[PDB]
Amino acid sequence: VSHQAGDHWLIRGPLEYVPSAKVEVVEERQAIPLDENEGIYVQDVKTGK
Amino acid sequence: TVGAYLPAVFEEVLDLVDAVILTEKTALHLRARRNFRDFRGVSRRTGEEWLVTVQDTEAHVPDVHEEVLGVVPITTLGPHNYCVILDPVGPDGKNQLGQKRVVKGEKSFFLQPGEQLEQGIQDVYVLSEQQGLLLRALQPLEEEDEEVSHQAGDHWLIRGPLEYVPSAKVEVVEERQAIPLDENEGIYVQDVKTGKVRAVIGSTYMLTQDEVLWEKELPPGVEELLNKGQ
Amino acid sequence: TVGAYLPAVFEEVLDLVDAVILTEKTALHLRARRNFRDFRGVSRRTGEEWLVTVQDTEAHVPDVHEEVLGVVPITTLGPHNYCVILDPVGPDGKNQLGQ
């Protein structure tokens, strides 16, 4: 896979990661657990939706 | 010559001069006190200045014709760095007085005599999708960027996932950022070139080069009735 | 030469230099005071720098041409460790400045 300068992407799951010299770790991210009745509101910042 | 030197009767001994040992992080800056051909046979004129570097010799004993002006540390640029060189040396080996050269990237070099950096060593702009720069042309740009031309005093916007290093002919006017808006939300924008005001509604928006945010005034009772009905 | 050394009339004795004993956890950092060919025959330029390690010799007597800068401890990475090296040495044996 290829990425342009300034692009953000997410890596997830059971894995080992060593940041390449060309990559900055922006933040640690964690999944939110939700039962069939529970939810969250999320904003897609690229489209604002 | 190594060993004990015994001077001839008319040779006055003055002092011992030790070598300046060069390293790939340093260079020696010299000036000619008179005309001569140097350590590598290059003809030097009076008051001429140059650098000696490891590619010439690993140690130099400064000649009786050479004034040592000092040791010059290497300017190192990281992959994400740039710098602007004032009075840069040209192809005829002379300082290009009043001009600038912009240097980018994984590069290390010594500033030649009379060169200096405009603002030291600087960071490349890395812009995300939500970011842009407003740029001003100080002089005409012809094919400088991506097969587009700009007149002096033009403004334009660059946006999105890119690296940017401003050409010597370009001023960064401002850092500019997109405004996120859901399908019912909006902003008023005035296109200053035509003067027209419009509502931008329902998507994340980046103000193009001509535009400003426009403030809508309401009659003095209405602004309260929007809060009371909120 | 091992044993008692008797100096010739013109040889001024200065001092005894003991060997730096190397271990697989250490290396000796040296600089050349002048040009020479070293303990393994490698040509050294003035102000050049290098490391001596157990793979070269188990003990090293620093030559009169070699300035001892110090002992370098080994950098060990566990299976779960990583590190970033600044100005790393390239294929031509020179530091890649800024990389």
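About its Cα centre, segment B:162-230 has a charge dipole of approximately 220 debye under the convention of +1 per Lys or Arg Cβ and -1 per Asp or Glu Cβ, with nothing else charged. Distance between the pseudo-spin-label points of B:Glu144 and B:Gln177 (7 Å out from Cα toward the beta carbon): 2.7 nm.
Shielding by partners for peptide B:16-25, expressed as the average number of C-beta atoms from other protein chains within 10 Å of each residue's C-beta, is 3. Given a Förster distance of 35 Å, report the FRET efficiency between B:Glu163 and B:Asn184 from their Cβ-Cβ distance, rounded to the nearest 0.05. That pair, B:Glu163 with B:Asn184, gives E of 0.45. Residue by residue, segment B:203-219 carries 3J(HN,Hα) couplings of 8, 3, 10, 10, 5, 5, 4, 7, 9, 10, 5, 10, 8, 7, 7, 10, x Hz when phi is fed to the Karplus relation 6.51 cos²θ - 1.76 cosθ + 1.60 (θ = phi - 60°); x denotes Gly or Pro.
Residue by residue along B:155-165, Cβ atoms of other protein chains within 10 Å of the local Cβ number 2 on average. Using a simple spin-label model with pseudo-atoms 7 Å out from Cα toward Cβ, C:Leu51 and B:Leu97 lie 5.1 nm apart. Put simply, the amide H of B:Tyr125, placed in the peptide plane, has neighbours under 5 Å in B:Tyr164, leaving out anything fewer than 5 places away on its chain. When +1 charges are put on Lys and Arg Cβ atoms and -1 charges on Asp and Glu Cβ atoms, the dipole computed for segment B:1-44 relative to its Cα centre reaches about 420 debye. The charge dipole of the protein assembly as shown, taken about its Cα centre with unit charges on the Cβ of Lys, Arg, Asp and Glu (plus for the first two, minus for the last two), comes to roughly 820 debye.
Taking the alpha carbon gyration tensor of the protein assembly as shown, multiplying each eigenvalue by 5 and rooting it gives semi-axes of 62, 35, 14 Å, largest first. Report note on the peptides B:76-84, C:67-75, C:55-63: ranked by the mean count of other C-beta atoms within 10 Å, highest first, their order is B:76-84, C:55-63, C:67-75. Rounded to the nearest Hz, the phi-derived 3J(HN,Hα) couplings of segment C:67-82 under the Karplus curve 6.51 cos²θ - 1.76 cosθ + 1.60 (θ = phi - 60°) are 8, 7, 8, x, 9, 9, x, 5, 8, 10, 9, x, x, 9, 10, 9, where x marks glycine and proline.
Placing unit charges on the Cβ atoms of the charged side chains and taking the dipole of segment B:25-109 about its Cα centre, the candidate lying farthest along the positive direction among B:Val52, B:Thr26, B:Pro91 is B:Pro91.
For the segment A:4-11, counting C-beta atoms of other chains within 10 Å of every residue's C-beta and taking the mean gives 5. In order along segment B:160-169, the phi-based Karplus estimate (6.51 cos²θ - 1.76 cosθ + 1.60, θ = phi - 60°) of 3J(HN,Hα) comes to x, x, 8, 8, 10, 10, x, 3, 4, 6 Hz; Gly and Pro are listed as x.
Taking 32 Å as the limit for the C-alpha separation, the pairs A:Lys22/B:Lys100; B:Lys100/B:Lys196; A:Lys22/B:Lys193; A:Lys49/B:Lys216 exceed it in the case of B:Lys100/B:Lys196; A:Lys22/B:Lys193. Around the amide H of C:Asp87, modelled in the peptide plane, lie the amide H atoms of C:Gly98, C:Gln99, all under 5 Å away and 5 or more residues distant in sequence or on another chain.
Taken together, the values in this text are just the output of simple stated rules run on the coordinates, not laboratory data. Because the Cβ atoms are built from the backbone with ideal geometry, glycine has one as well, and the counts that use them run over all protein chains shown.
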